[PDB]
Structures are given as C-alpha cells and as structure tokens.
Protein chains: 2
Amino acid sequence: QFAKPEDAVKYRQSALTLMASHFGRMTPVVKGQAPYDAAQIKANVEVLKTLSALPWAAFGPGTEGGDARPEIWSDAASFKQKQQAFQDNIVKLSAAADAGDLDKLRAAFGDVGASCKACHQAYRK
Amino acid sequence: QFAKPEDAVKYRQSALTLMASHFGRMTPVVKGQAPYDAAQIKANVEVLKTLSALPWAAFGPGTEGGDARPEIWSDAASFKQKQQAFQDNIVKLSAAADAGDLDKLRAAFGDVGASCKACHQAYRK
Ligand code: HEC
Ligand code: HEC
C-alpha cells in the first residue's frame, strides 16, 4: 500500500507510536498509581491487539529507512520470530484483560514490555 | 494518556496517518484497478473502524498544536458532530464490506472520503 519506501517508514513509525501509547498508558494502572477498571483495560487491550498486528507489514523488502536496522531484512525468519513472539505475548495480555485479572495483567504486561525491549536492542538504531 | 500537549499532537497525527493509509489503500479496489477480494476488504475495513475511533480523544482541551485549527476547541459540539458523522459513515462502509457488496462499498467509500475532505477544509490549517 506504499507508493515509495518512505511511505512504509512513515506508516510503521505511526503504528509503533500508537502501539506504544496504548501499551504505556497502562503503566500507572499496573503500578497501582491509577485505578484498575477491568472494562476500561479490556477495551484498551483490544485496541492494542489491533495495533500490534500492523507495523510488521510495513517492513517489506526494500523499505530500509527510519530508525530500523538493516538486520531486519537479511534475517527475515528471526525478525519474524520476534514480531510473532511479541504478538503471542499480546495474546496473553488480552487473556488477562478479558479475565479482569489484575495480577495476570501485571505479569503479562511485564512480558510484553520485555518483548518490546528485546526487539529494540536488536533491530532499532 | 499524554504527558504534554505535544504528545497528544504526535498521537493524533499518527492515528490519522494510519487511518488515511487504511482508507486510501482501497482506492485502486474501488476504481477496479486492483481486484476485489471481499474477505481482504472486510478485514481491512475492520482495521479502519478501530483506527477511526482513535484520533478524537487526542484533541482534548489545551492540546492546540500541529496542523489543527483553533476552531476545533471553541466549537466543541460542531467538531464532535463532524467526527461522529465521519464514524457513522465508517459504520456504513463496514456494513458494505461485511456484505461483500462492491457497489455498496464504492458508494460508502465516496461518502467517507467526503467526510474526510469536509472536516479538513474546516478544522485543518
Ligand atoms: C520488533 C519485532 C519490534 C517490537 C516487538 C517492537 N518494536 Fe518498537 N520499533 C521497532 C523498530 C524496528 C522500530 C524503528 C522503526 C523505524 O523504521 O524507524 C521501532 C520503533 C519504535 C518507536 C518509535 C516510532 C517512531 O515514531 O519513530 C517506539 C515508540 C516503539 N518502537 C515502541 C515499542 C513498544 C512500546 C513496543 C511494545 C509494546 C515495541 N516498540 C515493540 C521494532 C519493534
Ligand atoms: C475531523 C472530524 C477530521 C476527519 C473526519 C478527518 N480528519 Fe484528517 N485531520 C484532521 C485534523 C484536525 C488534522 C490535523 C491534526 C494535527 O494536529 O496536525 C488532520 C490531519 C490529517 C492528516 C495528516 C496527519 C499527519 O501525519 O500529520 C491526514 C493524512 C489526514 N488527516 C487524513 C484524513 C483522511 C484520509 C480522513 C478520512 C478517512 C480524515 N483525515 C478524516 C481532522 C479530520
């Protein structure tokens, strides 16, 4: 859907920005600094699950650019594993949110964050 | 969810970028320049419906900035009407996509685009 590689870069940066807001806005909740409303979090995690499926299709071959490392492309199977593993961490977060289980939410949130940090150290300049 | 007004600006710009890609990538399909796969479009419009609910909460009071006109805030009921009417145009697009009805898709797509253009002329610098 991208006329030029720059358009893919702009898309994925935007998707990642949104994905980061939907994740990070729950930090006060997980820490107990903000109240836990199970319905609120269930709805937010549904938004996060949609967003978390979006960036990866905008790292197609030849879309080198932005803050992305060139290792994203040469090691296609491995980058894929990190994005697929991140989404299966998101599936666990959804399950926790759907259950309205704060303790399960906190644990799943920590796992998701670790997956963010890993892919970052690895595939972000 | 925004530490400073700039963070709201960045969020809404990103949401609007995503929303624009999910809408505009269907243009070749509506024009017949690309094939119509009803399942593909149904899934894409589901993504667009999620995205189309996101920008508006990032125009909260005091988040003046970006390319947004100051009329977004002083006329809160009217801006609201344009975003609510845009989303009800998206509901009609979803219905068309869910029905797998190309003619209904084209008509709904045109209505959505007109709603984009209107709010733009009005509330974008
Ligand atoms: C790889 C499988 C990643 C996972 C999982 C996550 N991110 Fe990441 N992120 C990744 C790359 C390769 C890039 C650079 C994209 C580019 O072309 O520039 C990024 C970027 C971000 C950004 C900055 C976006 C921008 O506006 O430019 C943020 C804020 C970000 N990523 C956050 C983030 C969070 C919180 C994640 C988990 C919820 C996460 N990312 C996962 C690669 C990957
Ligand atoms: C008001 C109710 C709007 C509707 C409906 C749509 N858009 Fe819009 N858009 C609007 C504003 C006020 C702004 C400026 C935001 C800012 O603070 O800068 C925008 C911006 C865009 C952008 C640019 C985003 C960026 O990266 O900076 C695009 C590409 C865009 N809008 C597209 C667009 C499309 C295609 C729409 C319908 C599917 C649409 N917008 C609706 C206000 C409103």
# chains A, B, ... in the order shown; residues from 1 in each chain; ligands from 1

$ residues_near_ligand --ligand "ligand 1" --cutoff "6 Å" --atoms "only C-alpha atoms and all ligand atoms" --output "mmCIF file with N, CA, C and O atoms, in the first residue's frame"
data_model
loop_
_atom_site.group_PDB
_atom_site.id
_atom_site.type_symbol
_atom_site.label_atom_id
_atom_site.label_comp_id
_atom_site.auth_asym_id
_atom_site.auth_seq_id
_atom_site.Cartn_x
_atom_site.Cartn_y
_atom_site.Cartn_z
ATOM 1 N N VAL A 9 7.971 3.612 5.884
ATOM 2 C CA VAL A 9 8.636 4.093 7.098
ATOM 3 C C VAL A 9 7.655 4.949 7.923
ATOM 4 O O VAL A 9 7.492 4.761 9.125
ATOM 5 N N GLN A 13 6.310 3.860 11.695
ATOM 6 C CA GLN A 13 6.577 4.774 12.808
ATOM 7 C C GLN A 13 5.297 5.206 13.481
ATOM 8 O O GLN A 13 5.235 5.263 14.718
ATOM 9 N N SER A 14 4.293 5.506 12.680
ATOM 10 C CA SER A 14 2.986 5.883 13.248
ATOM 11 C C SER A 14 2.334 4.736 13.982
ATOM 12 O O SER A 14 1.759 4.933 15.078
ATOM 13 N N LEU A 16 3.804 2.169 15.404
ATOM 14 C CA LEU A 16 4.562 1.929 16.594
ATOM 15 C C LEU A 16 4.324 3.001 17.675
ATOM 16 O O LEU A 16 4.270 2.686 18.857
ATOM 17 N N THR A 17 4.206 4.254 17.241
ATOM 18 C CA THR A 17 3.808 5.337 18.159
ATOM 19 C C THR A 17 2.473 5.011 18.816
ATOM 20 O O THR A 17 2.304 5.175 20.050
ATOM 21 N N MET A 19 0.895 2.073 19.060
ATOM 22 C CA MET A 19 1.077 0.864 19.827
ATOM 23 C C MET A 19 1.756 1.150 21.170
ATOM 24 O O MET A 19 1.348 0.536 22.244
ATOM 25 N N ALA A 20 2.741 2.057 21.184
ATOM 26 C CA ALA A 20 3.446 2.440 22.374
ATOM 27 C C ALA A 20 2.548 3.214 23.354
ATOM 28 O O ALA A 20 2.643 3.029 24.555
ATOM 29 N N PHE A 23 0.087 0.726 24.981
ATOM 30 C CA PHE A 23 0.767 -0.064 25.982
ATOM 31 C C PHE A 23 1.121 0.804 27.207
ATOM 32 O O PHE A 23 0.696 0.510 28.337
ATOM 33 N N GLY A 65 15.113 2.124 6.093
ATOM 34 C CA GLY A 65 14.989 3.515 6.430
ATOM 35 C C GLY A 65 14.574 3.725 7.856
ATOM 36 O O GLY A 65 14.491 2.799 8.662
ATOM 37 N N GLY A 66 14.291 4.972 8.175
ATOM 38 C CA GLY A 66 13.968 5.373 9.540
ATOM 39 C C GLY A 66 15.055 5.028 10.533
ATOM 40 O O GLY A 66 16.243 5.195 10.238
ATOM 41 N N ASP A 67 14.620 4.545 11.697
ATOM 42 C CA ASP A 67 15.482 4.099 12.787
ATOM 43 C C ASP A 67 15.644 2.560 12.748
ATOM 44 O O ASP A 67 16.137 1.957 13.701
ATOM 45 N N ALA A 68 15.224 1.912 11.658
ATOM 46 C CA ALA A 68 15.289 0.447 11.527
ATOM 47 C C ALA A 68 16.699 -0.018 11.160
ATOM 48 O O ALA A 68 17.301 0.499 10.200
ATOM 49 N N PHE A 79 13.838 -11.739 12.808
ATOM 50 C CA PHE A 79 12.857 -10.634 12.946
ATOM 51 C C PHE A 79 11.400 -11.103 13.030
ATOM 52 O O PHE A 79 10.684 -10.659 13.927
ATOM 53 N N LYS A 82 10.611 -12.561 16.349
ATOM 54 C CA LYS A 82 10.444 -11.567 17.413
ATOM 55 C C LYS A 82 9.112 -10.919 17.300
ATOM 56 O O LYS A 82 8.479 -10.718 18.344
ATOM 57 N N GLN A 83 8.642 -10.573 16.093
ATOM 58 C CA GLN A 83 7.277 -9.967 15.987
ATOM 59 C C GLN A 83 6.203 -10.979 16.297
ATOM 60 O O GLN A 83 5.261 -10.619 16.950
ATOM 61 N N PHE A 86 6.212 -11.390 20.144
ATOM 62 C CA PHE A 86 5.568 -10.198 20.689
ATOM 63 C C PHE A 86 4.076 -10.331 20.566
ATOM 64 O O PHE A 86 3.354 -10.109 21.536
ATOM 65 N N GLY A 113 6.415 -5.913 27.716
ATOM 66 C CA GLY A 113 7.447 -4.902 27.738
ATOM 67 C C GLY A 113 8.825 -5.467 27.452
ATOM 68 O O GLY A 113 9.611 -4.819 26.785
ATOM 69 N N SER A 115 9.460 -7.993 25.558
ATOM 70 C CA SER A 115 9.492 -8.249 24.109
ATOM 71 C C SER A 115 9.721 -6.980 23.344
ATOM 72 O O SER A 115 10.466 -6.983 22.371
ATOM 73 N N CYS A 116 9.102 -5.870 23.760
ATOM 74 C CA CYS A 116 9.404 -4.579 23.142
ATOM 75 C C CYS A 116 10.913 -4.269 23.233
ATOM 76 O O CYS A 116 11.548 -3.909 22.250
ATOM 77 N N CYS A 119 13.310 -6.539 20.969
ATOM 78 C CA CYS A 119 13.336 -6.322 19.539
ATOM 79 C C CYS A 119 14.083 -5.034 19.279
ATOM 80 O O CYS A 119 14.859 -4.946 18.344
ATOM 81 N N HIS A 120 13.859 -4.066 20.157
ATOM 82 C CA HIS A 120 14.536 -2.756 20.150
ATOM 83 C C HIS A 120 16.067 -2.806 20.183
ATOM 84 O O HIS A 120 16.747 -2.407 19.225
ATOM 85 N N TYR A 123 16.856 -4.584 16.736
ATOM 86 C CA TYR A 123 16.506 -4.215 15.377
ATOM 87 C C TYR A 123 16.261 -2.672 15.234
ATOM 88 O O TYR A 123 15.885 -2.223 14.135
ATOM 89 N N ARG A 124 16.589 -1.858 16.262
ATOM 90 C CA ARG A 124 16.419 -0.409 16.223
ATOM 91 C C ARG A 124 17.774 0.334 16.372
ATOM 92 O O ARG A 124 18.548 0.031 17.277
#

$ interface_residues --of "chain B" --to "chain A" --cutoff "7 Å" --atoms "only C-alpha atoms" --output "MDAnalysis selection string"
chainID B and resid 1 11 14:15 17:18 25

$ atom_distance --atom1 "CA of residue 118 in chain B" --atom2 "CA of residue 78 in chain B"
12.3 Å

$ calpha_fit_and_write --fixed "chain B" --moving "chain A" --output "compact mmCIF listing (two decimals) with N, CA and C atoms, in the first residue's frame"
# COMPACT_ATOMS: atom_id res chain seq x y z
N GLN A 1 -3.79 10.30 28.51
CA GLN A 1 -2.59 9.47 28.42
C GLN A 1 -1.36 10.23 27.93
N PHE A 2 -1.41 11.57 27.90
CA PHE A 2 -0.39 12.38 27.26
C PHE A 2 0.29 13.24 28.30
N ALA A 3 1.61 13.12 28.40
CA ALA A 3 2.34 13.87 29.45
C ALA A 3 2.29 15.38 29.22
N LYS A 4 2.38 15.77 27.94
CA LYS A 4 2.31 17.16 27.50
C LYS A 4 1.41 17.28 26.26
N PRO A 5 0.90 18.48 25.94
CA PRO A 5 0.10 18.62 24.72
C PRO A 5 0.78 18.10 23.43
N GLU A 6 2.09 18.24 23.30
CA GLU A 6 2.83 17.73 22.13
C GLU A 6 2.63 16.24 21.94
N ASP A 7 2.48 15.53 23.06
CA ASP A 7 2.28 14.09 22.96
C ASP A 7 0.93 13.76 22.35
N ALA A 8 -0.09 14.55 22.66
CA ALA A 8 -1.39 14.40 22.02
C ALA A 8 -1.33 14.69 20.53
N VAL A 9 -0.57 15.71 20.16
CA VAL A 9 -0.40 16.06 18.74
C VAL A 9 0.25 14.88 18.00
N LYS A 10 1.33 14.37 18.55
CA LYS A 10 2.02 13.25 17.90
C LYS A 10 1.09 12.04 17.76
N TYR A 11 0.34 11.74 18.79
CA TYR A 11 -0.60 10.62 18.74
C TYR A 11 -1.61 10.83 17.65
N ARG A 12 -2.29 11.98 17.62
CA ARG A 12 -3.37 12.12 16.66
C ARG A 12 -2.82 12.13 15.22
N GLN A 13 -1.67 12.74 15.00
CA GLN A 13 -1.05 12.71 13.68
C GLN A 13 -0.76 11.29 13.24
N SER A 14 -0.27 10.49 14.16
CA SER A 14 -0.02 9.07 13.85
C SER A 14 -1.29 8.31 13.57
N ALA A 15 -2.35 8.56 14.38
CA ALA A 15 -3.60 7.87 14.16
C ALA A 15 -4.20 8.23 12.83
N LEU A 16 -4.14 9.52 12.48
CA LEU A 16 -4.67 9.99 11.23
C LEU A 16 -3.88 9.46 10.02
N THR A 17 -2.55 9.40 10.17
CA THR A 17 -1.71 8.76 9.14
C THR A 17 -2.16 7.32 8.91
N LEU A 18 -2.35 6.55 9.97
CA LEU A 18 -2.77 5.14 9.82
C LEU A 18 -4.14 5.03 9.20
N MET A 19 -5.05 5.85 9.73
CA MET A 19 -6.41 5.90 9.24
C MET A 19 -6.45 6.24 7.75
N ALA A 20 -5.59 7.15 7.30
CA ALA A 20 -5.51 7.55 5.92
C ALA A 20 -4.97 6.42 5.02
N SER A 21 -3.99 5.68 5.53
CA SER A 21 -3.46 4.54 4.75
C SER A 21 -4.51 3.47 4.59
N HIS A 22 -5.22 3.12 5.65
CA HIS A 22 -6.23 2.10 5.56
C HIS A 22 -7.40 2.45 4.70
N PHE A 23 -7.73 3.75 4.64
CA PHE A 23 -8.75 4.21 3.72
C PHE A 23 -8.20 4.24 2.28
N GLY A 24 -7.13 4.98 2.07
CA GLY A 24 -6.61 5.26 0.73
C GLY A 24 -6.09 4.03 0.00
N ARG A 25 -5.63 3.02 0.73
CA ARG A 25 -5.16 1.78 0.05
C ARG A 25 -6.30 1.09 -0.64
N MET A 26 -7.56 1.39 -0.36
CA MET A 26 -8.67 0.80 -1.09
C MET A 26 -9.02 1.52 -2.36
N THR A 27 -8.45 2.70 -2.63
CA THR A 27 -8.81 3.44 -3.82
C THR A 27 -8.69 2.59 -5.11
N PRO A 28 -7.57 1.86 -5.31
CA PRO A 28 -7.47 1.08 -6.56
C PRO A 28 -8.59 0.03 -6.66
N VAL A 29 -8.98 -0.56 -5.54
CA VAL A 29 -10.05 -1.53 -5.50
C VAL A 29 -11.39 -0.92 -5.90
N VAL A 30 -11.74 0.22 -5.28
CA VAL A 30 -12.98 0.91 -5.63
C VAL A 30 -13.02 1.31 -7.09
N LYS A 31 -11.88 1.68 -7.65
CA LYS A 31 -11.78 2.06 -9.06
C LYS A 31 -11.69 0.88 -10.03
N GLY A 32 -11.54 -0.33 -9.50
CA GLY A 32 -11.40 -1.53 -10.35
C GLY A 32 -10.01 -1.74 -10.90
N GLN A 33 -9.06 -0.89 -10.54
CA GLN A 33 -7.65 -1.05 -10.96
C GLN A 33 -6.91 -2.18 -10.26
N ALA A 34 -7.41 -2.61 -9.11
CA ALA A 34 -6.94 -3.74 -8.36
C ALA A 34 -8.13 -4.67 -8.12
N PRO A 35 -7.90 -5.98 -7.95
CA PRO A 35 -9.02 -6.89 -7.78
C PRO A 35 -9.76 -6.68 -6.45
N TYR A 36 -11.02 -7.05 -6.46
CA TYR A 36 -11.87 -7.01 -5.25
C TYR A 36 -11.94 -8.39 -4.61
N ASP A 37 -11.30 -8.53 -3.46
CA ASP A 37 -11.35 -9.71 -2.62
C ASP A 37 -12.18 -9.32 -1.39
N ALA A 38 -13.39 -9.83 -1.34
CA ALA A 38 -14.32 -9.37 -0.27
C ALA A 38 -13.75 -9.62 1.11
N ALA A 39 -13.13 -10.77 1.36
CA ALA A 39 -12.56 -11.05 2.68
C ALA A 39 -11.44 -10.07 3.02
N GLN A 40 -10.59 -9.75 2.03
CA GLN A 40 -9.48 -8.82 2.23
C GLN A 40 -10.05 -7.44 2.68
N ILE A 41 -11.03 -6.97 1.94
CA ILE A 41 -11.62 -5.65 2.25
C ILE A 41 -12.37 -5.69 3.59
N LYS A 42 -13.09 -6.77 3.89
CA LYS A 42 -13.77 -6.88 5.19
C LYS A 42 -12.78 -6.74 6.32
N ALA A 43 -11.67 -7.45 6.21
CA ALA A 43 -10.64 -7.36 7.26
C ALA A 43 -10.01 -5.96 7.31
N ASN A 44 -9.77 -5.33 6.17
CA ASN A 44 -9.18 -4.01 6.17
C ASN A 44 -10.11 -2.98 6.77
N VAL A 45 -11.38 -3.07 6.42
CA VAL A 45 -12.33 -2.11 6.99
C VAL A 45 -12.50 -2.31 8.49
N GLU A 46 -12.39 -3.53 9.01
CA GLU A 46 -12.36 -3.73 10.47
C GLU A 46 -11.20 -2.97 11.12
N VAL A 47 -10.03 -2.98 10.48
CA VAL A 47 -8.88 -2.23 10.98
C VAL A 47 -9.20 -0.74 10.91
N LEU A 48 -9.74 -0.27 9.78
CA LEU A 48 -10.10 1.13 9.65
C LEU A 48 -11.13 1.55 10.70
N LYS A 49 -12.09 0.70 11.01
CA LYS A 49 -13.09 1.10 12.00
C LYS A 49 -12.41 1.29 13.37
N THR A 50 -11.51 0.43 13.78
CA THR A 50 -10.77 0.63 15.02
C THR A 50 -10.00 1.94 14.98
N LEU A 51 -9.26 2.18 13.89
CA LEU A 51 -8.42 3.36 13.81
C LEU A 51 -9.25 4.65 13.82
N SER A 52 -10.44 4.60 13.20
CA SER A 52 -11.26 5.80 13.02
C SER A 52 -11.88 6.30 14.29
N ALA A 53 -11.83 5.50 15.34
CA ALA A 53 -12.31 5.93 16.66
C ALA A 53 -11.21 6.56 17.49
N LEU A 54 -9.96 6.54 17.05
CA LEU A 54 -8.84 6.93 17.89
C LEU A 54 -8.40 8.40 17.89
N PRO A 55 -8.47 9.15 16.79
CA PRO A 55 -7.83 10.48 16.84
C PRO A 55 -8.50 11.43 17.84
N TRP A 56 -9.80 11.29 18.03
CA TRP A 56 -10.62 12.39 18.57
C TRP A 56 -10.27 12.61 20.03
N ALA A 57 -9.97 11.57 20.78
CA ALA A 57 -9.59 11.71 22.18
C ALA A 57 -8.26 12.42 22.40
N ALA A 58 -7.48 12.60 21.33
CA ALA A 58 -6.21 13.31 21.35
C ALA A 58 -6.33 14.76 20.89
N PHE A 59 -7.57 15.27 20.83
CA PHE A 59 -7.84 16.71 20.68
C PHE A 59 -8.50 17.27 21.95
N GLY A 60 -8.04 16.80 23.10
CA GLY A 60 -8.58 17.27 24.36
C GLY A 60 -8.30 18.77 24.60
N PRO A 61 -9.00 19.32 25.57
CA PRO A 61 -8.82 20.76 25.77
C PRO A 61 -7.33 21.05 26.08
N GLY A 62 -6.81 22.14 25.51
CA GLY A 62 -5.38 22.50 25.71
C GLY A 62 -4.34 21.79 24.86
N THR A 63 -4.79 20.95 23.95
CA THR A 63 -3.88 20.23 23.03
C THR A 63 -3.78 20.90 21.67
N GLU A 64 -4.00 22.20 21.63
CA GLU A 64 -3.75 23.02 20.46
C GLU A 64 -2.33 22.73 19.95
N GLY A 65 -2.18 22.67 18.63
CA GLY A 65 -0.90 22.41 18.02
C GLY A 65 -1.03 21.67 16.72
N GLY A 66 0.12 21.27 16.20
CA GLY A 66 0.19 20.62 14.89
C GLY A 66 -0.39 21.46 13.78
N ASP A 67 -1.13 20.79 12.90
CA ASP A 67 -1.83 21.40 11.77
C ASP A 67 -3.32 21.62 12.12
N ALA A 68 -3.69 21.50 13.40
CA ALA A 68 -5.08 21.65 13.85
C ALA A 68 -5.47 23.12 13.97
N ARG A 69 -6.64 23.51 13.46
CA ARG A 69 -7.20 24.86 13.70
C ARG A 69 -7.73 25.00 15.06
N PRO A 70 -7.64 26.27 15.56
CA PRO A 70 -8.15 26.56 16.88
C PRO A 70 -9.69 26.45 17.10
N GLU A 71 -10.39 26.42 15.99
CA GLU A 71 -11.85 26.21 15.93
C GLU A 71 -12.28 24.78 16.38
N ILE A 72 -11.35 23.84 16.39
CA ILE A 72 -11.67 22.55 16.93
C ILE A 72 -12.15 22.64 18.39
N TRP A 73 -11.57 23.57 19.16
CA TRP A 73 -11.84 23.71 20.63
C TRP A 73 -12.95 24.65 21.08
N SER A 74 -13.09 25.72 20.35
CA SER A 74 -14.08 26.72 20.72
C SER A 74 -15.47 26.23 20.32
N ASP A 75 -15.53 25.41 19.28
CA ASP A 75 -16.79 24.88 18.77
C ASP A 75 -16.81 23.37 19.02
N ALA A 76 -16.72 22.97 20.29
CA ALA A 76 -16.63 21.54 20.66
C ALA A 76 -17.79 20.68 20.16
N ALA A 77 -19.01 21.18 20.23
CA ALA A 77 -20.18 20.42 19.74
C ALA A 77 -20.13 20.16 18.23
N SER A 78 -19.65 21.14 17.47
CA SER A 78 -19.59 21.08 16.00
C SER A 78 -18.46 20.18 15.43
N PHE A 79 -17.21 20.44 15.80
CA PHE A 79 -16.15 19.41 15.64
C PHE A 79 -16.60 17.99 16.01
N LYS A 80 -17.23 17.81 17.17
CA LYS A 80 -17.76 16.49 17.61
C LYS A 80 -18.72 15.85 16.57
N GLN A 81 -19.61 16.71 16.04
CA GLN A 81 -20.59 16.30 15.04
C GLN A 81 -19.84 15.81 13.83
N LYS A 82 -18.79 16.51 13.40
CA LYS A 82 -18.07 16.07 12.20
C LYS A 82 -17.39 14.77 12.47
N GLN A 83 -16.76 14.58 13.64
CA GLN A 83 -16.13 13.25 13.92
C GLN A 83 -17.17 12.18 14.11
N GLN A 84 -18.29 12.48 14.77
CA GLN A 84 -19.33 11.45 14.95
C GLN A 84 -19.98 11.06 13.61
N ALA A 85 -20.19 12.05 12.73
CA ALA A 85 -20.74 11.79 11.42
C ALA A 85 -19.77 10.98 10.53
N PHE A 86 -18.47 11.31 10.57
CA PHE A 86 -17.43 10.51 9.93
C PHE A 86 -17.51 9.10 10.43
N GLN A 87 -17.62 8.85 11.75
CA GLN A 87 -17.69 7.42 12.22
C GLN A 87 -18.95 6.67 11.78
N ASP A 88 -20.09 7.36 11.76
CA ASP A 88 -21.28 6.74 11.22
C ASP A 88 -21.15 6.53 9.68
N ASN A 89 -20.37 7.35 8.96
CA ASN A 89 -20.05 6.98 7.57
C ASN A 89 -19.19 5.69 7.58
N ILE A 90 -18.29 5.58 8.54
CA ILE A 90 -17.48 4.35 8.63
C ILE A 90 -18.39 3.16 8.94
N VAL A 91 -19.44 3.31 9.75
CA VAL A 91 -20.36 2.20 10.01
C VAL A 91 -21.03 1.73 8.72
N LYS A 92 -21.37 2.65 7.84
CA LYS A 92 -21.93 2.27 6.57
C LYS A 92 -20.91 1.56 5.68
N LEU A 93 -19.67 2.02 5.69
CA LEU A 93 -18.61 1.31 4.98
C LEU A 93 -18.42 -0.10 5.52
N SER A 94 -18.40 -0.30 6.82
CA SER A 94 -18.32 -1.64 7.43
C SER A 94 -19.44 -2.52 6.98
N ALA A 95 -20.66 -1.99 6.96
CA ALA A 95 -21.81 -2.79 6.51
C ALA A 95 -21.61 -3.25 5.07
N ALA A 96 -21.17 -2.35 4.20
CA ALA A 96 -20.92 -2.70 2.81
C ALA A 96 -19.82 -3.77 2.71
N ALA A 97 -18.74 -3.59 3.44
CA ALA A 97 -17.62 -4.54 3.41
C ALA A 97 -18.04 -5.91 3.96
N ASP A 98 -18.80 -5.91 5.05
CA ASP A 98 -19.29 -7.15 5.64
C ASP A 98 -20.22 -7.89 4.70
N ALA A 99 -20.98 -7.16 3.88
CA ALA A 99 -21.91 -7.76 2.93
C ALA A 99 -21.20 -8.26 1.69
N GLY A 100 -19.96 -7.86 1.48
CA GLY A 100 -19.21 -8.25 0.29
C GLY A 100 -19.79 -7.66 -0.99
N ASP A 101 -20.35 -6.47 -0.84
CA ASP A 101 -21.12 -5.78 -1.88
C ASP A 101 -20.25 -4.63 -2.44
N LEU A 102 -19.66 -4.87 -3.60
CA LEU A 102 -18.73 -3.89 -4.23
C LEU A 102 -19.39 -2.52 -4.53
N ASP A 103 -20.59 -2.58 -5.09
CA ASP A 103 -21.31 -1.34 -5.39
C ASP A 103 -21.59 -0.57 -4.12
N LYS A 104 -22.04 -1.24 -3.07
CA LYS A 104 -22.28 -0.55 -1.79
C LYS A 104 -20.96 -0.03 -1.22
N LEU A 105 -19.89 -0.80 -1.37
CA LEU A 105 -18.55 -0.37 -0.94
C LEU A 105 -18.13 0.93 -1.61
N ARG A 106 -18.28 1.01 -2.92
CA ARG A 106 -17.89 2.22 -3.64
C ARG A 106 -18.67 3.43 -3.17
N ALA A 107 -19.97 3.26 -3.02
CA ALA A 107 -20.80 4.39 -2.60
C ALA A 107 -20.40 4.85 -1.21
N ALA A 108 -20.24 3.89 -0.28
CA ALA A 108 -19.85 4.22 1.10
C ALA A 108 -18.47 4.84 1.17
N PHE A 109 -17.57 4.35 0.33
CA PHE A 109 -16.21 4.88 0.30
C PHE A 109 -16.24 6.36 -0.10
N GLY A 110 -17.05 6.70 -1.11
CA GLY A 110 -17.17 8.08 -1.53
C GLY A 110 -17.71 8.98 -0.41
N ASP A 111 -18.68 8.46 0.35
CA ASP A 111 -19.24 9.22 1.47
C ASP A 111 -18.20 9.45 2.55
N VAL A 112 -17.44 8.44 2.87
CA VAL A 112 -16.36 8.58 3.84
C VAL A 112 -15.37 9.64 3.36
N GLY A 113 -14.92 9.54 2.11
CA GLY A 113 -13.96 10.49 1.61
C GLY A 113 -14.47 11.92 1.69
N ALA A 114 -15.74 12.13 1.38
CA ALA A 114 -16.33 13.47 1.51
C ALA A 114 -16.26 13.96 2.95
N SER A 115 -16.49 13.08 3.92
CA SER A 115 -16.40 13.46 5.34
C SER A 115 -14.99 13.80 5.71
N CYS A 116 -14.00 13.06 5.21
CA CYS A 116 -12.60 13.45 5.42
C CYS A 116 -12.34 14.88 4.91
N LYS A 117 -12.74 15.12 3.66
CA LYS A 117 -12.48 16.41 2.97
C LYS A 117 -13.13 17.57 3.70
N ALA A 118 -14.36 17.35 4.18
CA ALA A 118 -15.11 18.40 4.90
C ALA A 118 -14.39 18.81 6.18
N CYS A 119 -14.06 17.82 7.01
CA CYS A 119 -13.51 18.17 8.30
C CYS A 119 -12.21 18.91 8.08
N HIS A 120 -11.47 18.45 7.08
CA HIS A 120 -10.21 19.05 6.62
C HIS A 120 -10.29 20.54 6.24
N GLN A 121 -11.06 20.84 5.21
CA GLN A 121 -11.33 22.21 4.84
C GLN A 121 -11.65 23.09 6.05
N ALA A 122 -12.41 22.50 6.98
CA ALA A 122 -12.86 23.19 8.19
C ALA A 122 -11.85 23.29 9.33
N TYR A 123 -11.22 22.17 9.72
CA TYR A 123 -10.54 22.13 11.00
C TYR A 123 -9.00 21.86 10.84
N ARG A 124 -8.45 21.91 9.60
CA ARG A 124 -7.03 21.69 9.35
C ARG A 124 -6.37 22.95 8.72
N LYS A 125 -5.25 23.41 9.28
CA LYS A 125 -4.54 24.60 8.76
C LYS A 125 -3.93 24.35 7.38

$ select_by_dssp --residues "chain B" --states "alpha helix (DSSP H)" --output "ChimeraX atom specification"
/B:5-24,27-31,38-52,71-74,76-99,102-123

$ decode --residues "range 53-63 of chain B" --atoms "N, CA, C and O atoms" --output "mmCIF file, in the first residue's frame"
data_model
loop_
_atom_site.group_PDB
_atom_site.id
_atom_site.type_symbol
_atom_site.label_atom_id
_atom_site.label_comp_id
_atom_site.auth_asym_id
_atom_site.auth_seq_id
_atom_site.Cartn_x
_atom_site.Cartn_y
_atom_site.Cartn_z
ATOM 1 N N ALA B 53 -11.832 5.496 15.338
ATOM 2 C CA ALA B 53 -12.314 5.931 16.657
ATOM 3 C C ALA B 53 -11.213 6.564 17.493
ATOM 4 O O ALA B 53 -11.521 7.101 18.554
ATOM 5 N N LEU B 54 -9.964 6.539 17.049
ATOM 6 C CA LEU B 54 -8.837 6.933 17.889
ATOM 7 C C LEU B 54 -8.403 8.400 17.894
ATOM 8 O O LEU B 54 -7.978 8.871 18.945
ATOM 9 N N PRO B 55 -8.474 9.153 16.795
ATOM 10 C CA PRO B 55 -7.833 10.484 16.841
ATOM 11 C C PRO B 55 -8.500 11.428 17.840
ATOM 12 O O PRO B 55 -7.832 12.290 18.408
ATOM 13 N N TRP B 56 -9.804 11.286 18.028
ATOM 14 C CA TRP B 56 -10.619 12.392 18.572
ATOM 15 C C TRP B 56 -10.274 12.614 20.029
ATOM 16 O O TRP B 56 -10.304 13.781 20.509
ATOM 17 N N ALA B 57 -9.967 11.574 20.777
ATOM 18 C CA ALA B 57 -9.594 11.710 22.182
ATOM 19 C C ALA B 57 -8.265 12.421 22.400
ATOM 20 O O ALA B 57 -7.934 12.765 23.535
ATOM 21 N N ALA B 58 -7.482 12.604 21.328
ATOM 22 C CA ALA B 58 -6.213 13.310 21.352
ATOM 23 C C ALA B 58 -6.330 14.757 20.889
ATOM 24 O O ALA B 58 -5.313 15.425 20.683
ATOM 25 N N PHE B 59 -7.572 15.274 20.828
ATOM 26 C CA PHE B 59 -7.839 16.712 20.676
ATOM 27 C C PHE B 59 -8.495 17.272 21.951
ATOM 28 O O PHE B 59 -9.381 18.100 21.884
ATOM 29 N N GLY B 60 -8.038 16.801 23.101
ATOM 30 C CA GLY B 60 -8.580 17.273 24.357
ATOM 31 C C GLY B 60 -8.299 18.769 24.603
ATOM 32 O O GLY B 60 -7.509 19.464 23.957
ATOM 33 N N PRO B 61 -8.999 19.323 25.571
ATOM 34 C CA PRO B 61 -8.816 20.765 25.769
ATOM 35 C C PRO B 61 -7.330 21.052 26.082
ATOM 36 O O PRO B 61 -6.655 20.230 26.737
ATOM 37 N N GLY B 62 -6.806 22.144 25.509
ATOM 38 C CA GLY B 62 -5.379 22.502 25.707
ATOM 39 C C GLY B 62 -4.338 21.795 24.865
ATOM 40 O O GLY B 62 -3.140 22.017 25.040
ATOM 41 N N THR B 63 -4.788 20.954 23.945
ATOM 42 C CA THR B 63 -3.880 20.228 23.033
ATOM 43 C C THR B 63 -3.783 20.896 21.674
ATOM 44 O O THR B 63 -3.436 20.251 20.697
#
